[PDB]
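Just so you know, the sequences run in chain order B and A. Take the first sequence: its position 252, counting from 1, is numbered 254 in the entry's author numbering, and each next residue is one higher. Quick note, the second sequence lines up with residues 3 to 156, 166 to 401 if you use the entry's author numbering. Worksheet: one structure, shown below.
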Amino acid sequence: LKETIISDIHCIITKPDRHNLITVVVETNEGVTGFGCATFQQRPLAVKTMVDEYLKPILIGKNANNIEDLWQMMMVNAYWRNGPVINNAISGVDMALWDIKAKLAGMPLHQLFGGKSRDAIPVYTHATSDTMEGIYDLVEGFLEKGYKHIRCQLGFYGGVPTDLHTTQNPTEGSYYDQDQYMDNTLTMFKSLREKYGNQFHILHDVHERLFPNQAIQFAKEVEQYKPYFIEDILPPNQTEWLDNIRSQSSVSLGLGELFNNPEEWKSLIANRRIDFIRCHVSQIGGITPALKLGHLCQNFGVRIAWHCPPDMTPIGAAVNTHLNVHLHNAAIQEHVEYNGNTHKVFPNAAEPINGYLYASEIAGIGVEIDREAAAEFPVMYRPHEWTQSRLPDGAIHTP
Amino acid sequence: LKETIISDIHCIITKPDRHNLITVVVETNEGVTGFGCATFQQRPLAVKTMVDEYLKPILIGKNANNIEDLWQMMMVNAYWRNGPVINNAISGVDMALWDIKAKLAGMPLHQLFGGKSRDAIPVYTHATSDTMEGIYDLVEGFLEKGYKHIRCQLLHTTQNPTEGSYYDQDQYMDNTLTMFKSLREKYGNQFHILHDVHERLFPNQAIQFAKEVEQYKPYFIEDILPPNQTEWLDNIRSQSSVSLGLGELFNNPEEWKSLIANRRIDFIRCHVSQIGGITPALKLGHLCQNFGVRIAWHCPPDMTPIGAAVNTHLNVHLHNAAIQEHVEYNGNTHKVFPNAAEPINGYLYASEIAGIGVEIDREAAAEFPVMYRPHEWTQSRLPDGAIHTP
Ligand SMILES: [Mg+2]
Ligand SMILES: [Mg+2]
Ligand SMILES: [Mg+2]
C-alpha cells in the first residue's frame with residue numbers, strides 16, 4: 003500500500019423516487035473512487051453546501067488511507083460539532099474513504115472489519131395502511147416472499163382522525179389524536195395475533211407520538227402481544243422515563259434513529275434502557291463511529307437495528323449490510339423495496355432473498371451511483387408537512 | 003394587538019473585521035422589522051442556505067406574534083434536529099421575532115421578560131499574551147478602565172509530523188499555573204482572574220490542574236473538559252473547591268441537563284444562538300436557577316453586536332445572571348451595527364429603546380461580504396500527531 007491522495011470531492015442529490023438522496027464522491031490521484039451516503043432528506047442543499055464549501059477544501063491533497071485521523075479532524079473542524087448537517091456531510095466522506103480502502107484491498111467492505119460473524123442479516127419490511135384489511139393484504143405478500151418480521155402501522159382512516167375534538171379555528175398543521183392512535187394500535191396488534199398467531203414477528207413504530215405517561219401505559223397494554231420491538235416510544239429528550247417502563251414491563255424497546263450527539267445514547271445504553279439501538283449511520287458520522295457504537299452496545303448487551311428508511315441511498319443500505327454481517331450483535335435490517343428508477347441510479351443494489359439480506363462480495367461497498375442516470379432525477383423541494391405535527395388543542399408535538 | 007404577518011426573511015453575512023458575522027432579518031406586513039444573530043462563524047454559508055432555502059418557505063405568512071409556537075415548530079421541522087447549523091438559523095429568526103414583539107410593545111427587550119433584577123451586568127474582558135509582561139500591560143489598561151474581572155491567558168515530536176496546529180499539554184499547564192502565581196504576587200486580589208482551558212486536557216490532567224489552581228482562587232476555570240467527558244467532573248467536585256464554567260460548545264440539551272442537575276458546574280457558558288435563541292435561553296436560565304447555577308453566556312468576537320445586546324437584555328432580567336464577557340468592537344463593526352453599547356466602568360447597561368436596540372445597516376454590511384477562512388487552529392494536534400478537541 004502507498005499513500006492515497008484525495009484529488010476531488012463531489013456531492014450529488016438525486017430523487018429517483020419519493021425522496022431526495024445525497025451521495026458523496028471522493029476521487030483520488032490514483033483513480034480509485036469512493037462513494038458514500040450523506041442522506042438528510044429534509045435539508046439536502048445544506049448538506050451539499052457543507053460538503054462543497056467546507057469539507058472539500060480541508061480534504062483535497064490529504065492521505066485517504068488514514069480514515070481515523072481524517073474523521074477525528076473533520077468532526078472538530080468547525081469547532082462546534084454534532085449535528086445532522088455536519089455529520090451527514092462527514093458520513094458521505096467517511097463511507098467513500100472506507101469504500102476506497104476496500105477497493106485498494108480487493109476486499110468486500112465487511113472483510114476489512116474482520117469478516118463475517120453471521121451468514122446474512124434478517125430483514126423486516128413495512129406494512130402501513132389505514133384499514134386492517136389493507137395491512138392484511140400487505141402482510142400476505144410479505145409472508146409469501148419469505149419475511150418473518152414485519153413493521154405494522156395502522157393510520158387514521160382517510161388521514162383524518164374520527165371526530166377530532168379540536169378548536170374553533172385550528173392553526174394549520176398535521177393533526178392527530180394520541181388516544182385514538184393508541185387504541186388503533188392496540189386493536190391492530192390484537193387483530194394481527196388473532197389472525198396470524200406467531201407466524202411472524204410484529205414491530206411497531208410509536209415514532210415519538212406520546213407523552214411519557216401515555217408511553218408507560220401503552221407499554222404495559224401492548225406487552226401481551228409480544229412485539230419484536232416497540233420503537234421510539236419516547237422522544238430523544240425524555241429517555242430517563244424509560245426506567246419506569248423497564249421496572250414494570252418486559253416489552254422490547256428500540257430507539258435512536260434521531261440521535262446525532264453521543265450524549266443522547268451514552269446514558270441510555272449504559273443503563274440498559276433499550277434493547278435495540280436504531281441510529282441512522284450518516285446521522286452519527288459514518289462507518290467509523292458506527293463500529294465504535296456497535297462495540298459499546300455489545301459491552302452492555304444491546305443489539306443493533308440501524309435505521310434503514312426509504313430516505314437513504316442503496317449505498318447506505320449496502321454499508322449497513324456490511325456492518326450487519328460483521329458486528330456480532332447486529333439483529334435485523336430494515337428494508338423497503340426500491341423502485342425501478344432507484345435501481346437505475348444505483349446499480350446492483352441488493353434486495354432480500356427469503357427474508358435475508360446478503361452482503362456484497364465484490365471489492366468495495368459494492369454499490370455506486372450512476373451519475374448520468376442521477377442527472378435525470380434531480381433534487382426537488384419538498385415541504386414535509388408531516389413534521390408540523392399538532393395535537394387537537396393546536397400545540398406542536400414531536401413528529 | 004393584531005396578527006403580525008411575516009412578509010420576508012433575509013440572511014446577511016458580513017465581515018467588517020476579523021469574523022464572518024451572520025444576521026437574520028424578518029420583515030412584517032405591518033412594517034415592523036426584527037433583527038437577530040445567527041453567527042456560526044466557521045460555516046456561514048451553511049447557515050445561510052438553511053435560512054434561505056428551508057426556514058424562509060415555512061415562515062412566510064405565519065403570525066410572528068406566537069414566538070413560542072413558531073420556535074417549537076421550527077425546531078422539529080427537519081425531523082432531525084439540534085446541532086449548530088439548524089440551531090443558529092432558528093436563533094436568528096427567534097431573536098428577530100422577539101425584536102418585533104418588543105418594538106410592537108414599545109419596550110426594551112428585557113422589559114417584555116418581566117423587567118430588571120439588577121441595575122447592570124458586570125463585565126470581564128480578555129488579556130492574552132505570550133509573555134507575563136505582555137499580560138501585565140493589558141491588565142493595567144483594563145484596570146484603568148474600571149474592570150474588576152479579567153480572563154488571562156499566557166517540542167518533542169516525530170520525524171515527519173502531520174500538518175496541524177501543535178501544542179503540549181504539560182507545558183500549557185505549567186505555564187498557566189505560573190501565570191496565576193505571578194498575577195497574585197503582583198496584583199493580589201485587585202481583580203478577579205478567569206482562565207479558559209478550552210478543552211485542551213485529558214481528564215486525568217484536568218483533575219490534577221484543578222487541584223493545583225485552586226489556591227489562586229480563579230473566578231472560574233472554563234471548559235476544563237470537552238462536553239463529552241463532563242461526568243469526570245464528579246472527581247473534581249468531590250475534592251476541589253475550584254469554580255467551574257462550561258458549555259459554550261453546547262447545542263443539544265442532553266449536554267447540560269445532567270451536568271446542571273448534578274451541580275457539576277458553577278457557571279453555564281452557552282452560546283445563545285447555538286442553543287436556538289432567546290426562547291430556549293430563558294428556559295435554561297430558569298433551570299439553572301432551580302439548581303443554584305449562575306449564567307455567563309458566551310460572548311466572543313464571532314457574534315454580532317445584536318447578539319451581544321440580546322445577552323445584556325437577558326443578563327439584566329435573569330436573576331442568576333453573573334457576568335458578561337466582552338471584547339471591544341472595531342470602527343467597521345460599529346458602522347455596520349450602530350448604537351452598540353460598550354462597558355462603562357466595568358458594567359454593561361441594557362438598551363432602553365424599544366426592541367433589542369441594535370440593528371444591521373444593510374448598506375454598510377454590503378461593504379464587507381463573506382470571506383472564506385480555514386480556521387487552521389481547529390486542526391489541533393498533540394506532539395505524537397493525534398487530533399485533540401480544539
Ligand atoms: Mg422509526
Ligand atoms: Mg439511460
Ligand atoms: Mg471559551
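For every residue, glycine included, the Cβ atom is placed at its ideal position computed from N, Cα and C.
Asked	Found
Cβ of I398 (chain B) within 8 Å of any chain A Cβ	yes
Nearest to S391 (chain B) (by Cα), restricted to the options A:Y149, A:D71, A:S176, A:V224	A:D71
Cβ contact (3+ pairs, closer than 8 Å) linking the region 94 to 114 of chain A and the region 337 to 354 of chain A	no
Reference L57 (chain A), options B:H399, B:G296, B:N239, B:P385, closest by Cα	B:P385
Against chain A: residues of the region 20 to 35 of chain B by CB proximity under 7 Å	none
Contact test: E259 (chain B) Cβ vs ligand 1 heavy atom, cutoff 7 Å	yes
Length of the line joining the Cα atoms of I235 (chain A) and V208 (chain A)	5 Å
Per-residue DSSP class, three states only, for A66 (chain B)	coil
Bounding residues of the alpha helix (DSSP H) (the contiguous stretch that carries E142 (chain A))	134 to 147
8 Å Cβ cutoff, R45 (chain B) in contact with chain A	yes
Members of the region 157 to 168 of chain B that neighbour chain A once the beta carbon cut-off is set at 7 Å	none
Environment of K222 (chain B) [buried if 16+ CB atoms lie within 10 Å]	exposed
Touching by the beta-carbon criterion (3+ pairs, under 8 Å), the region 85 to 93 of chain B and the region 42 to 56 of chain B	yes
Chain B contacts made by the region 85 to 104 of chain A, where a contact means CB separation under 8 Å	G85, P86, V87, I88, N89
Length at least 4, wholly inside the region 318 to 369 of chain B: the alpha helix (DSSP H) runs in chain order	342 to 347
DSSP bridge partner residues for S391 (chain A) (one or two, in chain order)	A:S176
C-beta contact flag for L205 (chain B) and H151 (chain B) at 8 Å	yes
CA nearest to the CA of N326 (chain A), picked from A:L359, A:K346, A:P349	A:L359
Per DSSP, the bridge partner or partners of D207 (chain B)	B:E233
Contact set between the region 57 to 88 of chain B and chain A, restricted to residues whose Cβ is under 8 Å from the partner	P59, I60, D71, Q74, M75, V78, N79, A80, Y81, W82, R83, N84, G85, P86, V87, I88
Pick from A:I11, A:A365, A:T389, A:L3 that is closest to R211 (chain A), judged by C-alpha positions	A:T389
Contact under 8 Å by Cβ, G287 (chain A) with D96 (chain A)	yes
Three-state secondary structure assigned by DSSP to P110 (chain A)	strand
Assigned secondary structure, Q219 (chain A) (DSSP; H/G/I helix, E/B strand, else coil)	helix
Beta-carbon neighbours of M52 (chain A), restricted to chain B and to distances below 9 Å	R45, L47, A48, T51, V87
C-beta neighbour in chain A for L260 (chain B), strict 8 Å	yes
Contact belief for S284 (chain B) with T41 (chain B) at Cβ below 8 Å, rounded distance in angstroms	6 Å
Any C-beta of chain B under 8 Å from that of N239 (chain A)	yes
Partner residues on chain B for residue 163 (chain A), Cβ-Cβ distance less than 8 Å	No coordinates are present for residue 163 (chain A), because the numbering of chain A runs from 156 directly to 166.
Touching by the beta-carbon criterion (3+ pairs, under 8 Å), the region 30 to 41 of chain B and the region 127 to 143 of chain B	no
For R248 (chain B), three-class secondary structure by DSSP	helix
Residue range of the unbroken beta strand (DSSP E) whose run includes residue 1 (chain A)	For residue 1 (chain A) there is no data in the structure shown, the boundaries of chain A being 3 and 401.
Inter-stretch contact (C-beta, 8 Å, three-pair minimum) for the region 360 to 370 of chain A and the region 314 to 326 of chain A	yes
CB of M109 (chain A) within 8 Å of CB of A333 (chain A), strictly	no
Which listed residue (A:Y149, A:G303, A:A319) has its alpha carbon closest to that of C310 (chain A)	A:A319
Spatial distance of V304 (chain A) from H328 (chain A) (CA atoms)	16 Å
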